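J.: Dropping a structure here in structure tokens format, bear with me for questions.
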Amino acid sequence: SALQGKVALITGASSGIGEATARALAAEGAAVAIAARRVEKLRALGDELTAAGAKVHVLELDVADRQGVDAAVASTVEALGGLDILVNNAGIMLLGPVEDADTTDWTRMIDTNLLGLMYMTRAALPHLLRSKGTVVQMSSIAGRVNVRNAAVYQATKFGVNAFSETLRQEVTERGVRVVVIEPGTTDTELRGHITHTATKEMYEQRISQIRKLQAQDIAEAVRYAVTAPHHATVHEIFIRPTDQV
Amino acid sequence: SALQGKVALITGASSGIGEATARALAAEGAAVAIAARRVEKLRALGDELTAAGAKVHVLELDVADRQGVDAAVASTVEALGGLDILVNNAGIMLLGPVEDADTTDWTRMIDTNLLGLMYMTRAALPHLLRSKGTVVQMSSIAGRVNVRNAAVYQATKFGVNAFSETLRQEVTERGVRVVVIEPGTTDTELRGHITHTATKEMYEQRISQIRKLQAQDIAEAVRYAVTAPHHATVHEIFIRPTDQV
Amino acid sequence: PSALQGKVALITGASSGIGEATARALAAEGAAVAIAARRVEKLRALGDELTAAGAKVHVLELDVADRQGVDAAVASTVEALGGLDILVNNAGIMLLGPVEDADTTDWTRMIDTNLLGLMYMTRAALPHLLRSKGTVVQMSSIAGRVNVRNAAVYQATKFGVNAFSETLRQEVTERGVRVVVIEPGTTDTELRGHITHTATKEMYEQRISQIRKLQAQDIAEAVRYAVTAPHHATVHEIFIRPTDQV
Amino acid sequence: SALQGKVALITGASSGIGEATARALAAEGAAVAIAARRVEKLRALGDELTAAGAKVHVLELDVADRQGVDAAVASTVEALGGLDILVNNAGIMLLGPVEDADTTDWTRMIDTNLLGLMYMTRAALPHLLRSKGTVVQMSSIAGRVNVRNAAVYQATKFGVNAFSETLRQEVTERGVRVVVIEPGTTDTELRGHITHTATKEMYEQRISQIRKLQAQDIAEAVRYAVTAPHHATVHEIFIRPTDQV
Ligand SMILES: NC(=O)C1=CN([C@@H]2O[C@H](COP(=O)(O)OP(=O)(O)OC[C@H]3O[C@@H](n4cnc5c(N)ncnc54)[C@H](OP(=O)(O)O)[C@@H]3O)[C@@H](O)[C@H]2O)C=CC1
Ligand SMILES: NC(=O)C1=CN([C@@H]2O[C@H](COP(=O)(O)OP(=O)(O)OC[C@H]3O[C@@H](n4cnc5c(N)ncnc54)[C@H](OP(=O)(O)O)[C@@H]3O)[C@@H](O)[C@H]2O)C=CC1
Ligand SMILES: NC(=O)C1=CN([C@@H]2O[C@H](COP(=O)(O)OP(=O)(O)OC[C@H]3O[C@@H](n4cnc5c(N)ncnc54)[C@H](OP(=O)(O)O)[C@@H]3O)[C@@H](O)[C@H]2O)C=CC1
Ligand SMILES: NC(=O)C1=CN([C@@H]2O[C@H](COP(=O)(O)OP(=O)(O)OC[C@H]3O[C@@H](n4cnc5c(N)ncnc54)[C@H](OP(=O)(O)O)[C@@H]3O)[C@@H](O)[C@H]2O)C=CC1
Ligand SMILES: O=C(O)[C@H]1/C(=C/CO)O[C@@H]2CC(=O)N21
Ligand SMILES: O=C(O)[C@H]1/C(=C/CO)O[C@@H]2CC(=O)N21
Ligand SMILES: O=C(O)[C@H]1/C(=C/CO)O[C@@H]2CC(=O)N21
Ligand SMILES: O=C(O)[C@H]1/C(=C/CO)O[C@@H]2CC(=O)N21
């Protein structure tokens, strides 16, 4: 139990990567504040983790809401005593051409993937500074490589990376570690949300012929990064499916 | 006159790089639609350009306004007959630490630098597709390199770059050229807007000891890129002050 | 527990630093280790240590810049240990100094060892890795990701290693050969003792004196994490920086 | 004539991009030292340029030869009075898989593309420092993007870029400008040299259905960069064929 007595706040914890990460960190002895919009799914996970001997704090949160963000962080510190690890995992992937796009796709991705992550980072920062803690940014291969029909999604993830590198420069000397996780195709609910029907089906066929990364693989990457000695910042882990060029 | 009979729409044309670019493209024989919020400054530039023999269409526009963007593009095509060149130059640079930041800095930069650019791009695209035209994105060294106290600004510019590369992959085969200009320190009004006083002062001192790039230098980069033969897409020009490591 | 039981790892640059720690780490996971470098005395000492701890060891005197020596070293490893599952291309040298009026033997040495030697080893190992659906680990650097003054040619070799390795990944990944690239920042090893430009050697020492450096063991743990990941996952890049260092 | 009284040394001047660049610079009034191994082709070009009113210095040079490099630079400064522009254009592209590769492909590419370029840069530097001149590195899309069957070639070109950025940091404050040109597919003799037959054929098919960049397009990129005002360093120009995703 490398994380005994530590407090982790995980956004997007109701499914996929965030759910696996919350489990992984709790398994290492961390108290976990689990945040997302689907409260019933969070409660179900919270019950499971509590029944497994973990300390859980359930947070109904929209990361795009600046006020909600500030309250969520304050609630976590109040209920669990501090903040050692923030996992900015909440995100959505809305694929489709730039041409004649539904721009609500764009505003949603920017609010959640970029602004939400930045809001959470900022609110957590005073607490992470005191605990010499770690912020883990859930980026993507989409923050390293551009492919067609993912322009704005890729814009958000490249943006996350630049924000995070800059953040590292700003806070690293005070012992706040900045970790960026960059998964390739991972088998989650993420793709079910694509609003462009033609691209949703194109993407599904594209990834149908590979062994996908599992949510647990990515949780393991986070676990490796956060349990590394404090003098080491695993700033980037770029993990790809072996089957995928 | 390499651009005779062509129409260019330049956002952020009321000062700085956009003003110089509008002059440069007009000098090459292009009809210019000049867009920004300060109508008085646009009118003054429009008068000067018209007095020099250019065809000018003045557009009062906030690029963050989706509806205003659509109307501005439609107004341009109606008044000037089409669209061959879009210069997405409207932008703001609000520097300061992430820690305890004024988050209105962030929303402004994202709305203008990222969302505004993407809105203009999308609205212009049908017209650029017909004319096999060129979209010029005004990025920055901040889209290539991260320094302290520019996290969200750099996020927007790295985002612009990823969006633009992806756009290139999507439209290049149909003859729409995607050009990204990346200036280093350029002597404009840009820095006057920084809301974090300590950072504004720090930045001023940092750039006080170099010969800065001039707005005209960047206009020249744009002119070189857009007058290149159609089979060549000058996708990136990274121009730095020689005095600046 | 032993995630690499029955696997064979060949580690170049095993006589000190990161390669030594990596050979220990892999052996601790149950892998048989072929340890390769030029200082045979140091290899023998490590080999004795590992053998005494219950490991299977094959000692290889090798200059990675030697194309023929490379081929023989791979052949010797597969003959002695039965196959090849993991290659760690760790052999390397860092010769810092300005471009201006540089001692160009600095350059040829770095290119021969860091770039060409790594490529030769990769190529010779590949038929064996293809059969075993194995993993090649490239020891790159922060120098393959960021450029600073007085490390022009070294950074050229490391950026070169990264492009070579990404391209390799595209070529072999579908046949189940995983390409892993490890990118340490400042790590406390013998590496810097070799700098021939005296002024730069001193400048570098002062710059890194103010930080808690990465340990060779930290980097070995990165390698361990990457190679013990399930086969369907290729941890293509791990970029590990000293927390103290902007 | 923006380069009147300037001296340019161009490596790889016997064909392709180097030939076009030597013509373009001479057209701007620069004296040109033209260097390559095929003396006969250099003399024919030298005759052409001299007949057009240019000052020409013919140099038989293998850039992989460190002593030949030193003599070539000394010969140039002796014959033409100094050195204002170096174009490191000599290069070879030997494509093929890593698996079972002919490793003489590798040593040739490293000797010419990387070491030869570095040798030339180093020998020229004292002279460039005096003249506050410009070094132009002929990199490639292969220094920016990795594709299959170009591993070692891409290694040399990514290497050239890192070397050159580092060089910029080291010499830029003393007024030596470092320019990196990155062409995509350009119609030259380059591809005729590929030793791996299957890959040579695969590459030819790949580039058969695009309008390729012309050697003259690349020469124009060099010309734009070197005639920019001294306070501006056009550090990167990334030029892609518009037809090529
Ligand atoms: N799956 C993949 O192939 C890859 C995914 N990623 C990244 O991983 C992250 C997690 O997504 P993934 O697990 O894949 O897919 P999921 O859809 O399963 O997870 C997304 C999670 O984010 C939450 N969420 C979405 N919007 C908000 C919001 N406005 N406020 C708070 N929480 C929100 C969702 O919970 P709820 O709806 O209850 O709010 C959900 O739990 C994303 O950042 C994604 O970009 C990166 C690389 C590869
Ligand atoms: N100066 C520099 O060192 C560098 C600048 N850049 C980029 O260059 C671009 C132009 O900036 P620069 O000329 O330097 O500085 P300026 O402030 O002089 O120009 C910015 C222009 O953008 C306009 N603008 C701002 N917000 C909006 C909006 N929401 N809608 C429409 N127009 C808007 C302003 O006009 P108005 O107020 O009338 O609307 C103004 O004309 C920006 O994209 C910037 O990021 C990139 C690299 C270096
Ligand atoms: N130390 C650091 O801060 C960092 C180092 N690195 C990389 O780590 C790798 C290992 O270096 P590190 O452990 O740091 O320093 P060391 O000097 O301690 O290790 C270098 C190892 O490589 C071997 N070696 C050198 N040249 C050759 C050659 N021609 N043929 C075979 N073996 C050779 C040496 O053994 P011998 O002399 O007996 O042959 C030695 O075992 C290098 O590739 C380096 O670039 C990357 C990031 C940071
Ligand atoms: N064509 C393309 O698609 C692209 C090419 N490039 C780069 O452009 C540069 C020039 O190539 P390009 O013009 O296309 O092809 P060419 O083969 O036509 O030109 C290469 C030139 O380099 C010379 N050369 C080769 N080896 C040496 C050497 N050892 N010493 C001195 N000169 C040498 C050749 O002349 P000689 O045999 O007489 O010595 C020739 O003049 C290269 O660096 C290449 O990597 C970059 C991006 C795209
Ligand atoms: O490679 C993939 O699976 C997907 C992806 C998935 C989630 O980041 O992100 C990038 C954009 C895209 O379509 N890629
Ligand atoms: O280098 C500079 O002058 C400035 C800049 C200016 C406008 O992009 O962008 C980056 C962010 C910053 O502070 N840099
Ligand atoms: O950051 C550092 O400590 C050193 C280094 C060390 C080993 O790669 O590589 C890069 C080049 C340099 O000076 N950096
Ligand atoms: O895109 C291309 O045409 C070629 C190329 C050509 C010359 O650098 O460089 C990259 C490596 C490759 O195959 N690409």
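Naming scheme: A, B, ... for chains in displayed order of the structure tokens; residues 1 onward per chain; ligands 1 onward as shown.
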Restrict the calculation to only C-alpha atoms and all ligand atoms, then for each residue of chain D with any atom at most 6 Å from an atom of ligand 8 give the closest atom pair and their distance in Å to one decimal, rows by chain and rising residue number, as a Markdown table.

T.:
| residue | atom | partner | partner_atom_place_in_ligand_line | distance |
| --- | --- | --- | --- | --- |
| D:140 | CA | ligand 8 | 8 (O) | 4.7 |
| D:141 | CA | ligand 8 | 9 (O) | 5.6 |
| D:142 | CA | ligand 8 | 10 (C) | 4.2 |
| D:150 | CA | ligand 8 | 11 (C) | 5.0 |
| D:184 | CA | ligand 8 | 1 (O) | 5.1 |
| D:185 | CA | ligand 8 | 3 (O) | 3.7 |

J.: Once you have the residues from the selection above, write them out as a compact mmCIF listing (two decimals), in the first residue's frame, restricted to N, CA, C and O atoms.

T.:
# COMPACT_ATOMS: atom_id res chain seq x y z
N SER D 140 13.91 18.14 -43.95
CA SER D 140 12.89 17.44 -44.68
C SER D 140 11.63 17.34 -43.82
O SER D 140 11.70 17.50 -42.59
N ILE D 141 10.51 17.03 -44.46
CA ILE D 141 9.31 16.51 -43.78
C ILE D 141 9.72 15.33 -42.90
O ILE D 141 9.13 15.10 -41.85
N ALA D 142 10.77 14.61 -43.31
CA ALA D 142 11.35 13.48 -42.58
C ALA D 142 12.03 13.88 -41.27
O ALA D 142 12.40 13.02 -40.48
N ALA D 150 11.65 4.50 -43.61
CA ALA D 150 12.54 5.64 -43.68
C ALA D 150 13.19 5.91 -42.32
O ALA D 150 13.55 7.05 -42.03
N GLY D 184 8.53 18.69 -48.26
CA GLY D 184 7.92 17.41 -48.56
C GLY D 184 8.41 16.97 -49.93
O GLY D 184 9.40 17.50 -50.45
N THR D 185 7.72 16.00 -50.51
CA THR D 185 8.12 15.40 -51.78
C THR D 185 8.43 16.42 -52.88
O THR D 185 7.55 17.19 -53.30

J.: Identify, on the basis of only C-alpha atoms, every residue whose closest approach to residue 55 (chain D) does not exceed 8 Å; exclude the query and any residue fewer than 5 positions from it along the same chain; express the result as a CSV table (one decimal) with N, CA, C and O atoms, in the first residue's frame.

T.:
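Listing of part-v8.csv after writing:
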chain,number,residue,atom,x,y,z
D,26,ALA,N,22.4,33.4,-56.8
D,26,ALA,CA,23.1,34.1,-57.8
D,26,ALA,C,22.3,35.2,-58.5
D,26,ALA,O,22.7,36.3,-58.8
D,30,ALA,N,24.3,37.3,-55.3
D,30,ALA,CA,25.3,36.6,-54.5
D,30,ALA,C,26.4,35.9,-55.4
D,30,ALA,O,26.0,35.3,-56.4
D,31,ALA,N,27.6,35.9,-54.9
D,31,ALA,CA,28.7,35.1,-55.5
D,31,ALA,C,28.4,33.7,-54.9
D,31,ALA,O,28.1,33.5,-53.7
D,32,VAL,N,28.5,32.7,-55.8
D,32,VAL,CA,28.2,31.3,-55.3
D,32,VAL,C,29.4,30.3,-55.5
D,32,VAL,O,30.0,30.2,-56.5
D,49,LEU,N,26.0,29.8,-64.9
D,49,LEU,CA,25.9,31.0,-64.0
D,49,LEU,C,26.9,32.1,-64.4
D,49,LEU,O,26.5,33.3,-64.3
D,50,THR,N,28.1,31.7,-64.7
D,50,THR,CA,29.1,32.7,-65.1
D,50,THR,C,28.7,33.4,-66.4
D,50,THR,O,28.9,34.6,-66.6

J.: Using only C-alpha atoms and a cut-off of 12 Å, which residues of chain B sit close to chain C? Please list them as a PyMOL selection string.

T.: chain B and resi 144-148+245

J.: Those same residues - C-alpha atoms - I'd like them written as an mmCIF file, in the first residue's frame.

T.:
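File written: selection.cif
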data_model
loop_
_atom_site.group_PDB
_atom_site.id
_atom_site.type_symbol
_atom_site.label_atom_id
_atom_site.label_comp_id
_atom_site.auth_asym_id
_atom_site.auth_seq_id
_atom_site.Cartn_x
_atom_site.Cartn_y
_atom_site.Cartn_z
ATOM 1 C CA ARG B 144 5.762 25.451 -30.467
ATOM 2 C CA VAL B 145 7.535 26.139 -27.165
ATOM 3 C CA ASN B 146 6.247 26.488 -23.581
ATOM 4 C CA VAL B 147 7.525 29.122 -21.139
ATOM 5 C CA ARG B 148 6.335 30.020 -17.620
ATOM 6 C CA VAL B 245 17.512 32.538 -27.438
#

J.: From the DSSP assignment of the backbone, select every residue of region 28-235 of chain C that is alpha helix (DSSP H), and format the answer as a ChimeraX atom specification.

T.: /C:28,40-52,67-81,105-110,118-132,152-172,198-207,216-228

J.: Using C-alpha atoms, can you write the selected residues to a file as a CSV table (one decimal), in the first residue's frame?

T.:
chain,number,residue,atom,x,y,z
C,28,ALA,CA,15.0,-9.9,-10.2
C,40,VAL,CA,34.8,-6.9,-19.1
C,41,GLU,CA,36.1,-6.8,-15.5
C,42,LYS,CA,33.1,-4.8,-14.4
C,43,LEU,CA,30.7,-7.1,-16.3
C,44,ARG,CA,32.3,-10.1,-14.6
C,45,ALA,CA,31.8,-8.5,-11.2
C,46,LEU,CA,28.2,-7.8,-11.9
C,47,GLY,CA,27.8,-11.3,-13.5
C,48,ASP,CA,29.2,-12.9,-10.3
C,49,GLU,CA,26.8,-10.9,-8.2
C,50,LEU,CA,23.7,-11.8,-10.3
C,51,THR,CA,24.8,-15.5,-10.5
C,52,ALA,CA,25.2,-15.6,-6.7
C,67,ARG,CA,28.9,-4.2,-36.7
C,68,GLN,CA,30.5,-7.7,-36.7
C,69,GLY,CA,30.8,-7.7,-32.9
C,70,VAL,CA,27.1,-6.8,-32.6
C,71,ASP,CA,26.1,-9.8,-34.9
C,72,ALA,CA,28.3,-12.2,-32.9
C,73,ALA,CA,27.0,-10.9,-29.5
C,74,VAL,CA,23.4,-11.5,-30.5
C,75,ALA,CA,24.2,-15.0,-31.9
C,76,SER,CA,26.2,-15.8,-28.7
C,77,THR,CA,23.2,-14.8,-26.5
C,78,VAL,CA,20.7,-16.9,-28.4
C,79,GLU,CA,23.1,-19.9,-28.4
C,80,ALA,CA,23.9,-19.6,-24.7
C,81,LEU,CA,20.4,-18.6,-23.3
C,105,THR,CA,35.9,13.0,-32.4
C,106,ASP,CA,33.2,13.8,-29.8
C,107,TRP,CA,30.7,13.6,-32.6
C,108,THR,CA,31.8,10.5,-34.3
C,109,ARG,CA,32.0,8.7,-31.0
C,110,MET,CA,28.4,9.7,-30.0
C,118,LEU,CA,21.8,1.2,-31.2
C,119,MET,CA,20.5,0.6,-34.8
C,120,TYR,CA,23.0,-2.3,-35.4
C,121,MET,CA,21.9,-4.0,-32.2
C,122,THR,CA,18.2,-3.4,-33.1
C,123,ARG,CA,18.7,-4.9,-36.6
C,124,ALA,CA,20.6,-8.0,-35.4
C,125,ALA,CA,18.1,-8.7,-32.6
C,126,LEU,CA,15.0,-8.2,-34.7
C,127,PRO,CA,14.7,-11.7,-36.3
C,128,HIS,CA,14.8,-13.1,-32.7
C,129,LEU,CA,12.4,-10.6,-31.3
C,130,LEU,CA,10.0,-11.3,-34.2
C,131,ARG,CA,9.9,-15.0,-33.2
C,132,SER,CA,9.4,-14.3,-29.5
C,152,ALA,CA,23.9,19.8,-30.1
C,153,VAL,CA,25.3,16.5,-31.4
C,154,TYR,CA,24.2,14.5,-28.4
C,155,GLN,CA,20.6,15.8,-28.8
C,156,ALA,CA,20.9,15.0,-32.5
C,157,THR,CA,21.7,11.4,-31.7
C,158,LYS,CA,18.8,11.1,-29.2
C,159,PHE,CA,16.1,12.8,-31.4
C,160,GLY,CA,17.5,10.4,-34.1
C,161,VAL,CA,17.0,7.4,-31.8
C,162,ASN,CA,13.4,8.5,-31.2
C,163,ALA,CA,12.6,8.9,-34.9
C,164,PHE,CA,14.3,5.6,-35.7
C,165,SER,CA,12.3,3.9,-33.0
C,166,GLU,CA,8.9,5.4,-33.8
C,167,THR,CA,9.5,4.3,-37.4
C,168,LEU,CA,10.6,0.8,-36.2
C,169,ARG,CA,7.3,0.7,-34.2
C,170,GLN,CA,5.3,1.3,-37.3
C,171,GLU,CA,7.2,-1.4,-39.2
C,172,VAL,CA,7.2,-4.2,-36.6
C,198,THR,CA,36.3,20.9,-19.7
C,199,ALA,CA,34.5,24.2,-19.5
C,200,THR,CA,31.2,22.5,-20.4
C,201,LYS,CA,31.8,19.6,-18.1
C,202,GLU,CA,32.1,22.1,-15.2
C,203,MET,CA,29.1,24.1,-16.4
C,204,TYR,CA,27.0,21.0,-16.5
C,205,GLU,CA,28.1,19.8,-13.1
C,206,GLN,CA,27.1,23.1,-11.5
C,207,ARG,CA,23.8,23.1,-13.3
C,216,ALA,CA,19.7,4.5,-12.1
C,217,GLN,CA,17.2,2.4,-10.1
C,218,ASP,CA,14.3,4.8,-11.0
C,219,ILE,CA,15.1,4.3,-14.7
C,220,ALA,CA,15.4,0.5,-14.3
C,221,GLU,CA,11.9,0.6,-12.7
C,222,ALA,CA,10.5,2.5,-15.8
C,223,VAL,CA,12.0,-0.3,-18.0
C,224,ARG,CA,10.5,-2.9,-15.7
C,225,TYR,CA,7.0,-1.3,-15.8
C,226,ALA,CA,7.2,-1.1,-19.6
C,227,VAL,CA,8.4,-4.7,-20.3
C,228,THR,CA,6.0,-6.3,-17.8

J.: Set the distance at 10 Å and use only C-alpha atoms: which residues neighbour residue 18 (chain B) once local chain neighbours fewer than 6 positions away are removed? I'd like the list as a VMD selection string.

T.: chain B and resid 10 to 12 24 34 to 36 87 to 91 138 215 to 216 218 to 219

J.: For chain A, which of B:157, B:37, B:6, B:132 is the closest residue, counting only C-alpha atoms?

T.: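 Of B:157, B:37, B:6, B:132, the one nearest chain A is B:157, counting only C-alpha atoms.
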
J.: Excluding same-chain residues fewer than 5 positions from residue 122 (chain B), what lies within 9 Å of it counting only C-alpha atoms, as number ranges by chain?

T.: A: 98-101; B: 117

J.: Go through B:226, B:77, B:128, B:239 one by one, measure the shortest atom-to-atom distance of each to ligand 6 using only C-alpha atoms and all ligand atoms, and give the residue with the smallest value.

T.: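 The closest residue to ligand 6 is B:239.
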
J.: Tell me which protein, DNA and RNA residues are within 10 Å of region 211-213 of chain C, counting only C-alpha atoms, leaving out same-chain ones fewer than 4 positions away, and put them as a ChimeraX atom specification.

T.: /A:173,230-232 /C:185-189,207,241-246
